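Shown here is one chain on its own, the form deposited in one PDB entry, set out as structure tokens.
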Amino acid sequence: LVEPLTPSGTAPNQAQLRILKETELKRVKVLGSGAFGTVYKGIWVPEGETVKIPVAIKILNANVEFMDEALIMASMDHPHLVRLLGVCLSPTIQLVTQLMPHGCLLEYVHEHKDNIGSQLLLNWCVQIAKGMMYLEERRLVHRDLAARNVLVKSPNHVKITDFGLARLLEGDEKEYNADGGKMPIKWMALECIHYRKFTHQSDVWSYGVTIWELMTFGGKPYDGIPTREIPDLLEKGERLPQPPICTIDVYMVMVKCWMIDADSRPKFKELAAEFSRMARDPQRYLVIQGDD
């Protein structure tokens, strides 16, 4: 027979995913490595073409779920989220994305500390929130939002990366086993420490921690405090301190991201809009000396 027609006005997903030959890629050096896998700086020469496209290649240490997640990653079309360019299937599956020349935001803030102003910092808060807004719109939880997973295309333009990988490697099992989670506890929403209760509102918590990293120019959350003690401290009401440059206006935005009640936290829509209006008058909201 012929299948009963039932249209839904959802637009076709015409995203392209390129399956790349092993030999189209060369690795220059290592950029980073961790629970997620190793990220290499590299060169992609497409099949038949000449141009040597600067790329990052990620190798991970089920494949139906991977090819499903790869579809999501390639479908992302937003200025402040990365897009997967290609997948290489051999010898093991490699992820290929455009290299960001100014690197990771966490490294960028610490290195350019003495020359980052209030306008720049407040604009990054908007761009991050916007990209997350776009993820949420698609019902996609990042699970591992952190300054370390925000890359700098140019000083005035950041992109979020590494969305999807956490769920792909961990799964959705409510109970943690003895191995625990792969994401760092100190960026994690309280409810996700105890069980896997990952939602857009848990990402919001992580957003709060991410923007604190920026306002402290690469500060380390709960610095020195061992990760075993965190779940107890958070439940006793402990939160990150007010960064020196932060007005109470900015700090309260942060604090609201760390409410016990996940529903009480700001939505990404509210976060982008508030930092937007702050970015219209950035010296009323962040107090950095020399920032005239």
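Basically, rigid core = biggest C-alpha set you can superpose within 1.5 Å across the two forms. We number the residues from 1 along the sequence you see.
What follows is about the form deposited in another entry, which we do not show.
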(message) Superpose on the core and compare between this form and the one not shown; which one of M252, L233, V28, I260 crosses the 2 Å Cα shift mark?
(response) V28
(request) Inspect the rigid-core superposition and answer whether the C-alpha of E173 shifts by 2 angstroms or more between this form and the one not shown. (result) yes
(message) Please determine whether the C-alpha atom of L120 is displaced by 2 Å or more between this form and the one not shown following superposition on the rigid core.
(response) no
(request) Indicate whether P46 shows a C-alpha shift of 2 Å or more between this form and the one not shown, with the rigid core used for the fit. (result) yes
(message) Knowing the shift is 3 Å or more, I'd like to know if the C-alpha atoms of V152 and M67 are closer or farther apart in that other deposited form than in the shown chain.
(response) closer
(request) Since the C-alpha distance between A166 and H142 changes by 3 Å or more in that other deposited form, give its direction relative to the shown form: closer or farther. (result) closer
